[PDB]
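Here is what each chain is made of, one letter per residue.
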Amino acid sequence: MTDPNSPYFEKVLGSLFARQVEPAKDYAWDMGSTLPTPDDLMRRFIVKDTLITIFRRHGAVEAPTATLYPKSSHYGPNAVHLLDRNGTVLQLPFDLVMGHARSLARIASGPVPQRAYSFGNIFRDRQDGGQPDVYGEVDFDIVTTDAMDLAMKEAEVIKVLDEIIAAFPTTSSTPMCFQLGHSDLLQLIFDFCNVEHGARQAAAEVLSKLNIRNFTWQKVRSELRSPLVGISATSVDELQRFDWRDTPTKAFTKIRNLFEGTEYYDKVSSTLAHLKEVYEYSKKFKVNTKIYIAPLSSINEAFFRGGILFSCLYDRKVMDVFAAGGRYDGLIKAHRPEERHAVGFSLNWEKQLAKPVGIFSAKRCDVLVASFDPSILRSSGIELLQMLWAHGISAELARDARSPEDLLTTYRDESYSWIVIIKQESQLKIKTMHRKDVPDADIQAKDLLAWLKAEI
Amino acid sequence: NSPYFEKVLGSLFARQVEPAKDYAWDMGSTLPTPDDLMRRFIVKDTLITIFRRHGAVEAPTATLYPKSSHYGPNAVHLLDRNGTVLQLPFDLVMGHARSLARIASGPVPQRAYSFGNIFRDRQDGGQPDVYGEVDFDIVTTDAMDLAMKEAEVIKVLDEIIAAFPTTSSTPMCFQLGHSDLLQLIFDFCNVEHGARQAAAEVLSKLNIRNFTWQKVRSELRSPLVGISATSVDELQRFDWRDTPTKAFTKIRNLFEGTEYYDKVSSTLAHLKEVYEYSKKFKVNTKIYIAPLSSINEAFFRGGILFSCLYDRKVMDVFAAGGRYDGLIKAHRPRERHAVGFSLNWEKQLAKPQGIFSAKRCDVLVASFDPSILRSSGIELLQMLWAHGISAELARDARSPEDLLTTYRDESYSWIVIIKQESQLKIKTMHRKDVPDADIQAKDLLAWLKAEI
């Protein structure tokens with residue numbers, strides 16, 4: 001109710017942007033700040049590198065992401081908000097689709113890659129004056145200027161996620177499933193159950209948790225019955241007639257049977273044909289993960305108004321989300337002040353794929369170059385290194401050591417494929433570390449490249 | 001921080017966006033073309049390959065932190081909910097030095113690279129300008145072999161130079177200096193301390209893009225800096241570069257008989273050891289000593305400074321860096337040592353049969369029957385993907401001339417056309433002397449491998 005043009009607003013802005021940071025807040029910013037261990041970092045590199053290999057098979061390129069933009073009303077206080085000097089409230093990305101949709105709505109007309117992936121940061125606010133929590137998210141998006149084969153693009157996105165499942169150990173040998181829904185279906189269900197328009201976004205948000213982390217229909221009913229949402233007891237009864245999932249042919253029949261005599265039938269039928277087409281394309285793409293139709297699917301439905309929704313789940317007795325997405329044509333249109341259509345998923349790849357709970361056998365560094373003579377180390381050692389780098393072999397110089405025992409103790413936390421020790425008179429002792437049945441070999445320095453190549 | 005300042009702050013963060021401001025934010029914005037994005041992938045992929053040879057891993061980069069007094073109004077400044085003025089990265093070294101001073105995570109990787117964004121503030125309400133910077137850093141926990149680590153950073157740059165077409169056939173050079181050398185020159189030339197940062201900023205342009213000594217002297221004598229004419233004359237005695245042995249001799253001669261001689265000589269001995277390690281690393285690009293080197297010297301206080309330059313008649317900067325141990329200490333609250341470089345890799349390397357012959361997509365799967373395209377086409381697609389072959393599906397087309405006209409702005413290695421009875425017509429597009437071939441669909445995989 002405050003006057004937005006109140007002159008106290010400019011007074012405090014200029015006053016605060018003139019203040020230098022107070023020391024208590026400067027120290028509080030990153031007091032208990034920790035960095036991932038270098039073993040975490042190598043795991044992150046293997047995951048990212050595997051992910052890009054999958055994306056590139058599809059002809060995708062990396063696209064840049066928006067870092068900063070006017071706040072969206074679609075987020076609560078755990079989004080990071082910041083003020084620029086002329087008073088606009090800005091946010092850091094909370095997900096990556098918001099900035100991508102805004103960019104697709106606002107950028108000048110021009111060509112955009114059809115298939116693109118992006119690695120960006122998303123942020124969570126903490127209320128202790130510390131820096132925001134930061135997380136790596138990866139998106140894969142298919143953007144077209146024509147509305148042709150919309151269901152086929154959607155099935156390719158599901159296919160990419162199926163390829164990711166197959167590529168990683170945390171997902172390759174565990175039950176996963178896809179659950180497909182559709183914003184038009186959900187809104188027609190809301191029409192069917194006489195859910196008041198002012199309550200639907202709140203209802204969608206509670207439903208997005210249904211059967212995730214043991215958030216059963218009883219919990220859902222509570223929150224929908226709370227006066228913060230305010231759904232009538234009869235409407236919740238009707239919505240519960242849709243609390244199920246099933247394989248597609250069955251689920252399409254159930255749904256048509258639920259809407260049989262209603263005015264909603266033709267629109268639902270259009271929507272089920274689209275899901276059917278997606279399901280059929282997924283069979284052509286050879287998706288191995290089980291597909292379910294879940295009519296109350298609603299994760300981020302405000303972003304996906306008018307389009308398919310999908311989530312990929314850990315399909316165990318208690319389920320959790322692996323990735324989620326949908327067609328966000330409607331989010332693009334809602335941000336226009338050049339038709340563009342987009343479907344994609346978002347994935348927290350570090351949490352789901354990189355944290356430990358094969359591809360991870362790759363070493364940070366294959367060759368350690370060492371010598372017990374400090375002066376040989378800093379001459380011949382350097383000359384071997386640049387040779388190995390010139391032939392694509394990963395290699396690093398050791399610190400000084402007095403004996404093999406002392407060297408391996410110093411490097412007890414590291415893991416190499418080979419440890420090369422430079423002796424006097426151009427002779428190399430090679431300790432093979434990636435096995436244990438292989439004895440140490442002395443070779444001539446001139447043969448190091450041949451010996452390493454022939455070893456593999 | 002009276003209850004006054006809070007109440008207005010909370011109301012500021014509740015205020016709705018002005019429509020004119022919301023439009024201005026990204027009115028007129030662009031993305032790079034899809035061709036630029038593929039070139040960026042190739043460059044980034046080659047860079048990472050170089051870095052991984054050294055055992056390096058990618059380290060995360062700080063996105064947001066309390067504002068540094070060193071930047072002016074072209075750095076992006078933002079207020080958080082507690083009224084602290086924060087900034088977006090203006091460069092990557094500031095964030096890395098803060099982290100190394102403020103975390104206690106014990107072991108950090110010794111060799112690391114990072115790709116981050118840096119930002120420049122705009123005046124017309126538009127979003128900040130964004131640029132992609134890449135850094136390579138070597139971080140150590142003792143003062144042993146600092147010069148060897150510095151020479152390795154220089155060798156990584158030499159490997160980048162040899163790897164890319166825009167740098168491997170152009171005259172390039174390294175110019176080496178040292179913050180202690182620069183500050184001893186300032187003492188020798190009687191340059192007042194309040195003027196040294198502005199002086200070092202002017203000197204960082206010396207002979208870059210025709211910024212000759214005449215232009216430097218004008219700025220040094222201006223109110224931007226305010227150095228005496230005597231002091232500028234003495235500084236000109238250092239306006240040269242030479243190969244290292246000859247450079248060290250000239251510098252010792254200029255300082256002979258001064259109180260600074262000992263510290264100069266000690267500093268020259270560090271630079272000689274970097275030069276000697278560079279020869280052992282087999283650095284191919286010419287190395288010069290340039291006593292007035294000063295790019296970002298405030299970040300490299302107490303450490304070596306170096307730039308990598310295009311060495312044509314008109315010179316320009318490729319990458320720059322230095323040892324920023326001193327920036328780390330300056331951020332300790334109320335040891336770690338680091339050296340590295342920074343480079344705008346998109347501008348220098350991605351801005352345009354070579355690394356850039358790699359195809360965005362090797363196979364286009366087409367058909368002139370829409371139901372075959374959407375049945376057999378999908379099946380061939382997933383089969384190609386499952387064997388690591390990059391492939392995409394064409395839109396509908398009525399003839400090969402229509403298909404080729406539609407895809408004029410793309411470049412594939414092969415166009416596979418599906419027709420009746422599991423017959424494929426394969427057009428070879430990466431050569432020109434190769435005629436079309438019809439094969440059985442069950443042989444597409446073998447046929448492709450028989451060509452590469």
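Residues numbered from 1 in each chain as written, not as in the entry; some residues may be left out. Chains lettered and ligands numbered in written order. Heavy atoms only, no water. Residues with missing side-chain atoms left out of burial classes, pairs and counts.

Per the deposition metadata, X-ray crystallography was the technique used to determine this entry, at a resolution of 2.00 Å.

## A look at the overall build of chain A
Counting its regular elements, chain A contains 17 helices and 16 strands. Here the C-alpha atoms of chain A give a radius of gyration of 28 Å, more than 25% beyond the 23 Å that 2.2 N^0.38 yields for 456 residues. (Helix = DSSP H or I, 4+ residues; strand = E, 2+ residues; numbered from the N terminus. Rg over C-alpha atoms; globule rule 2.2 N^0.38 Å.)

## A look at the pairing of strand β15 (residues 423–428) of chain B
All names here are of chain B. In the sheet, strand β14 (residues 414–419) pairs with β15 via 6 bridges, with the strands oriented antiparallel. If you follow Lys419 over to β15, its bridge partner there is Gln423. Taking the residues between adjacent antiparallel strands as the criterion, β14 and β15 are bridged by 3 residues, where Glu421 takes a positive phi near 60 degrees. In the sheet, β15 pairs with strand β16 (residues 437–440) via 4 bridges, with the strands oriented antiparallel. Across the sheet, residue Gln423 finds its bridge partner in β16, namely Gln440. (Pairing = 2+ DSSP bridges.)

## Quick look at the domain arrangement of chain B
Size of an interface: often given as the accessible area lost when the parts come together. You can read the domains of chain B as domain 1 (34–350) and domain 2 (361–449). Once you take the C-alpha centre of each, domain 1 of chain B and domain 2 of chain B turn out to be 50 Å apart. (Domains from an automatic or database assignment.)

## Regarding the packing of helix α5 (residues 150–167) of chain A against helix α16 (residues 376–386) of chain B
Taken N-terminus to C-terminus, the directions of α5 of chain A and α16 of chain B make an angle of 25 degrees; their axes are 13 Å apart at the nearest point. Classified by the angle between their axes, α5 of chain A and α16 of chain B sit roughly parallel to one another. α5 of chain A and α16 of chain B meet at a crossing whose hand is right-handed. When α5 of chain A is examined against α16 of chain B, the residues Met152, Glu156, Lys159 and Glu163 of chain A are found in contact with a partner set consisting of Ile378, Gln382 and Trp385 of chain B. Partitioning the contact of α5 of chain A with α16 of chain B into residue classes produces 3 nonpolar, 1 polar and 3 charged. (Axes fitted to C-alpha atoms, helices over the stretch in contact; angles between N-to-C directions. Parallel < 35°, antiparallel > 145°, perpendicular 65-115°, else oblique. Left-handed = near helix turned anticlockwise from the far one by under 90°. Contact = heavy atoms within 4.5 Å. Nonpolar A, V, L, I, M, F, W, Y, C, P; charged D, E, K, R; others polar.)

## Comments concerning the interface of chain B and chain A
Each side of the interface is counted separately: chain B has 92 residues, and chain A has 94 residues. Per-element tally for the side of chain B that touches chain A: the top contributor is helix α3 (residues 34–53) of chain B, with 8 residues. Of the residues that constitute the side of chain B that touches chain A, the class distribution is 46 nonpolar, 20 polar and 26 charged.

## Focus on the environment of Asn86 of chain A
Its location among the elements puts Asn86 of chain A in the loop between β3 (81–83) and β4 (89–91). Judged by its relative accessible area of 42%, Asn86 of chain A falls in the partly exposed class. Linking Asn86 of chain A and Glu10 of chain A, residues 76 residues apart in sequence, is a C-alpha distance of 8.0 Å. Beyond its immediate stretch of four places on either side in the chain, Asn86 of chain A contacts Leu13 of chain A together with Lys21 of chain B. Of the polar contacts made by the side chain of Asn86 of chain A, one reaches the side chain of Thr88 of chain A; its length is 3.1 Å. (Buried < 20%, exposed > 50% of the residue type's maximum accessible area, 1.4 Å probe, protein only. Polar contact = N/O pair within 3.5 Å; in protein donor to acceptor, adjacent residues only side chain to side chain.)

## Notes on the packing of helix α3 (residues 38–57) of chain A against α3 of chain B
At a minimum axis separation of 14 Å, α3 of chain A and α3 of chain B run at an interaxial angle of 145 degrees. In this structure, α3 of chain A crosses over α3 of chain B, and the sense of that crossing is left-handed. Taken together, the residues of α3 of chain B that come into contact with α3 of chain A (itself represented by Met42, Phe45, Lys48, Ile52 and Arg56 of chain A) are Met38, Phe41, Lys44, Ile48 and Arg52 of chain B.

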